[PDB]
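Engineer:
Chains as they are written, first to last, in the entry's author numbering: chain G, 6 to 372, 398 to 448; chain F, 6 to 372, 398 to 448; chain V, 51 to 150.
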């Protein structure tokens, strides 16, 4: 922090700025299944009638709903196709029938829930399992609706809600809430996503349904959002590698900036089961074993910006509508993204791979170029400045697109428009 | 100050203009926490029922509301994660639970509050902590809403208030008011932001919740405005360096003007803990000890204008909507900003940082220009006159934007339009 | 405080019988006057000429250590402590409910 200002005599002043985060990682050393604390065990059918009436009445108690969802986990059971171990060995083994309760630890206290029958809706007999499944799915789907809040998302929320309702009103599920009840409860239950126990249970359900196929696997439609939650950065990177046809290692070579270093270390920390198909990691944020995610689009802001800027240059709609992380030097990211997209748009690395004869193969072996070094030199020659063609492509993509409020498309349009 | 005029003889006249501002800095030399006086501790049940009736009836008493919040701030307690030292006060010890009351001293007075009931409510029993916290948040949110008042605010005030209602009607908070009750009280509390004690406590709450995570941390939505309040110049400087991807020191070198000197010294004056993350500095304006902020946009106007002018050149929407400081030579700032924006727009400093094998670093180690000097020379060559291309860029940005009343966008459109 | 509670309850059209009764018994001290002549109600000297008496002086009221809720339910606009008339007007309106 060196600086010199000149008054009548020369004076020196230092600058001061503050930035720091924690970024705790998910792997657990104690090997203790995620734990949630809930109330006294529910009265079976009585908890079902209270919450269903509450649904039609759009009044629900969070603690009671959580206890009902924990009890309903015993209803859903399936045989495990393969032996299952995540972090400390999971108990599930090949061919073993399991419940969702087996995946996480649920802790119950002496205090009993209100289980009140707020709605005038009445059920003469004890409910059947499908009815229970239909309610569990409808309750879980509120979580998804709670997450999808934002500008101009009204018609879209209703469309997903209608899809949710038709799934749970048709077999193997039975219609228990008629129509439009799901939207009205969501109006009163818009911030239910913030509730920790509700998120914990949704993640548990999604983990169980992903591994074990079930008749009521359609319940996952509410809980799909829990998978890879707050890991968009990592998710964007893995797609970027696949779309670009790079080996991931090679892809990092193209990241020519000092800022990427911290992010690359952040997302690739060892010991986290980023490498296991059905591990706790996929639902780590939803489950208790989490912190602010080091894999979020903000935690890896520069890499995320670069990825979608390249995506925009290649016309990837997902990138066009993703929201840019404004803090992480988007302009520099766009320039580098411009060059990388130029390299990757409309070009492929093709080589003859299939031959009629081994001799033919050997002859082909006896016999402008895509490399990180070539790209870096090209950037260096133009002084780290975008080419006119980069700008034209960017503008052509952005303008012929319905630019969303804070999307990359909007950033491109506002930035390069003449 | 010499002037000579000839009116049938030689005449000498002096010219005098007045220009002085105190710009006092926040002092922690007294080693005493900030203090306010308030009325006698209210009846827990009566204060809650009175304010709730008042809210539905849009009638609120400021001294009564302030004492109730001061009573409820004792309820909020949490453990301190790490050792917490203010600038001259040891505010906390690591592993010691603390309250907002531990942050600042409030002195009670023999004057009792009226706690009168404006309309009838259903509640007849003593209130629980959640109810108390839900009301505290709704009351604190009025402060943000009064600040939000201004000349063309569409329905932005209404939507932000709707969010506040949702926060405090969902768990861990309990719903105490029907929807839109906050909007009606806000109409009566449009200038509630001016009240000093209400300002002081809102800052106290925000500081406490920022250091210590709490179940009721969502109360910060009202008090978030107190953070870095009236320090927009400093905040704009920090964003400018990060977006521009330069170090604070390197960035100030490009500021080629005499006027900047006083402002730079003023905002980087030593003895203020800007670098400390949870220092008193972050909420100093809300608590007190500063009649006028030296880090306010007006105090550091020349810097402020140059920063957003560069942002407009780069198409940053925040800069486009920021209100220009007319006094601090905006035209001259815009010219420097055109050149500075020219240097930083569409250009990035790229270096290879990732290589395949350890051997590759040594190979890469074996070996226009972005510098303050090059820009300064480029300006001197054009004699301090904006290039035509600079004017076009400014014009292209302003015309394709919904220019707000006194915004930088409006200044650009009005200044350079043919 | 009791006057404010019952007045709010009156306005809220919801009244708690126990607090209403305690308020009326408490308010009995406000109404006092000298007895014109010697008073023998039923072999008991309730009053003597020139002796100041209240409704409380006629019947002994037993108060238990247990206190009532005296809660605020309805709209009461008094920002100040109530005056004696104010006390008497409420006592009359409450007592008139019996006749209704």
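Each residue gets a CB set at the ideal place from its N, CA and C atoms; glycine is no exception.
Taking a Cβ distance cut-off of 9 Å, strictly less, list which residues of the region 337-370 of chain F are near chain G, in chain order.
Structural biologist: Cβ contacts with chain G come from 349, 350, 351, 352, 353, 354, 355, 356, 357, 358, 359, 360, 361.
Engineer: What three-state label does DSSP hand residue 326 (chain F) in the structure shown?
Structural biologist: Note: residue 326 (chain F) maps to helix in three-state DSSP.
Engineer: Within the continuous alpha helix (DSSP H) that includes residue 160 (chain G), where are the two ends?
Structural biologist: Where residue 160 (chain G) is concerned, the enclosing alpha helix (DSSP H) stretches over 159-174.
Engineer: For chain F, find out if any of its Cβ atoms is closer than 8 Å to the Cβ of residue 60 (chain V); answer yes or no.
Structural biologist: Not an interface residue.
Engineer: So what does DSSP say about residue 41 (chain G), is it helix, strand or coil?
Structural biologist: Strand, per DSSP.
Engineer: Can you tell me which of the three DSSP states residue 274 (chain G) falls into?
Structural biologist: If DSSP states are grouped into helix, strand and coil, residue 274 (chain G) belongs with coil.
Engineer: Please report how far the alpha carbon of residue 219 (chain F) lies from the alpha carbon of residue 124 (chain V), in whole angstroms.
Structural biologist: Taking the straight line joining both Cα atoms gives about 35 Å.
Engineer: How would you list, in chain order, the residues of chain V whose beta-carbon sits under 7 Å from the beta-carbon of residue 124 (chain F)?
Structural biologist: Within 7 Å Cβ-Cβ: 125.
Engineer: Please tell me whether residue 39 (chain F) and residue 293 (chain F) are closer than 8 Å, where the distance is taken between their beta carbons.
Structural biologist: Going by C-beta atoms, residue 39 (chain F) is nearer than 8 Å to residue 293 (chain F).
Engineer: Below 8 Å on the Cβ atoms is my guess for residue 224 (chain G) versus residue 83 (chain G); work out the distance and round it to an integer in Å.
Structural biologist: With 8 Å as the limit, residue 224 (chain G) and residue 83 (chain G) do not qualify as a contact, their Cβ atoms being about 12 Å apart.
Engineer: Looking at C-beta atoms only, is the number of pairs between the region 310-330 of chain F and the region 53-60 of chain F that lie closer than 8 Å three or more?
Structural biologist: They do not touch, by the three-pair rule.
Engineer: Return helix, strand or coil for residue 255 (chain F), following the three-state DSSP convention.
Structural biologist: Looking at residue 255 (chain F) - three-state DSSP - the assignment turns out to be helix.
Engineer: In the DSSP assignment, find the unbroken beta strand (DSSP E) run with residue 16 (chain F) in it and report its ends.
Structural biologist: Residues 15-17.
Engineer: Among the candidates G:415, G:426, G:448, whose CA atom is the shortest distance from the CA of residue 430 (chain F)?
Structural biologist: Looking at the Cα atoms, G:448 is the closest of the given residues.
Engineer: Classify residue 340 (chain G) as buried or exposed, calling it buried when 16 or more other Cβ atoms lie within 10 Å of its own Cβ.
Structural biologist: When all chains shown are included, residue 340 (chain G) counts as buried.
Engineer: At least one CB of chain F closer than 8 Å to the CB of residue 114 (chain V): is that the case?
Structural biologist: For residue 114 (chain V), the answer is no, since every Cβ of chain F falls outside 8 Å of its Cβ.
Engineer: Are the beta-carbon atoms belonging to residue 289 (chain G) and residue 279 (chain G) less than 8 Å from one another?
Structural biologist: No. Outside cutoff.
Engineer: Within the 8 Å Cβ cut-off, does residue 106 (chain F) reach chain G?
Structural biologist: Answer no: the Cβ-Cβ gap between residue 106 (chain F) and chain G never drops below 8 Å.
Engineer: Return yes when the Cβ of residue 41 (chain G) is within less than 8 Å of the Cβ of residue 260 (chain G), no when it is not.
Structural biologist: No, Cβ-Cβ distance for residue 260 (chain G) and residue 41 (chain G) is not below 8 Å.
Engineer: Would you decide whether residue 190 (chain F) is buried or exposed? Buried here means 16 or more other CB atoms lie within 10 Å of its CB.
Structural biologist: Its Cβ being crowded by 16 or more others within 10 Å, residue 190 (chain F) is buried.
Engineer: In the structure shown, what three-state DSSP assignment does residue 75 (chain G) receive?
Structural biologist: In this structure, residue 75 (chain G) counts as helix in the three-state DSSP scheme.
Engineer: What residues of chain F sit near residue 430 (chain G), judged by a beta carbon separation below 7 Å?
Structural biologist: None at all; the shortest Cβ gap to chain F is about 16 Å.
Engineer: Would DSSP call residue 197 (chain F) helix, strand or coil?
Structural biologist: Correct three-state label for residue 197 (chain F): helix.
Engineer: Taking the DSSP output, what are the residues bridged to residue 11 (chain F)?
Structural biologist: Its beta-bridge partners are F:15.
Engineer: For residue 229 (chain G), tell me which candidate among G:221, G:207, G:356 has the shortest Cα-Cα distance.
Structural biologist: Among G:221, G:207, G:356, the Cα nearest to that of residue 229 (chain G) is on G:207.
Engineer: In whole angstroms, what separates the C-alpha of residue 15 (chain G) from that of residue 307 (chain F)?
Structural biologist: Using only the alpha carbons, I get a separation of about 21 Å.
Engineer: Under 8 Å by Cβ, that's how I've got residue 209 (chain F) and residue 188 (chain F) pegged, so tell me the actual separation to the nearest angstrom.
Structural biologist: Residue 209 (chain F) to residue 188 (chain F), Cβ: 26 Å. No contact.
Engineer: Is it buried or exposed, residue 435 (chain F), if we count other Cβ atoms within 10 angstroms and call 16 or more buried?
Structural biologist: So residue 435 (chain F) counts as exposed.
Engineer: Whose Cβ in chain V lies nearer than 7 Å to the Cβ of residue 119 (chain F)?
Structural biologist: Here the neighbours are 129.
Engineer: Over the uninterrupted alpha helix (DSSP H) stretch that includes residue 5 (chain G), give me the two end residues.
Structural biologist: Examination of residue 5 (chain G) is not possible in this model, given that chain G is present from 6 through 448 alone.
Engineer: Rounded C-beta distance between residue 122 (chain G) and residue 180 (chain G)? I'm assuming under 8 Å.
Structural biologist: At roughly 20 Å, the Cβ-Cβ gap does not stay under 8 Å, so residue 122 (chain G) and residue 180 (chain G) are not in contact.
Engineer: If you follow the alpha helix (DSSP H) that residue 112 (chain G) is in, where does it begin and where does it stop?
Structural biologist: Not the alpha helix (DSSP H): residue 112 (chain G) falls in the beta strand (DSSP E), residues 110-113.
Engineer: Check the Cβ of residue 54 (chain F) against every Cβ in chain V and list those closer than 7 Å, keeping chain order.
Structural biologist: The answer, in chain order, is 122.
Engineer: Kindly indicate the opening and closing residues of the alpha helix (DSSP H) around residue 308 (chain F).
Structural biologist: From DSSP, the alpha helix (DSSP H) with residue 308 (chain F) extends over 306-318.
Engineer: Could you check what DSSP says for residue 84 (chain F) in three-state terms: helix, strand or coil?
Structural biologist: Strand, per DSSP.
Engineer: Short of 7 Å in beta carbon distance, which residues of its chain neighbour residue 96 (chain G), apart from the five on each side in sequence? Order them along the chain.
Structural biologist: The residues are 107.
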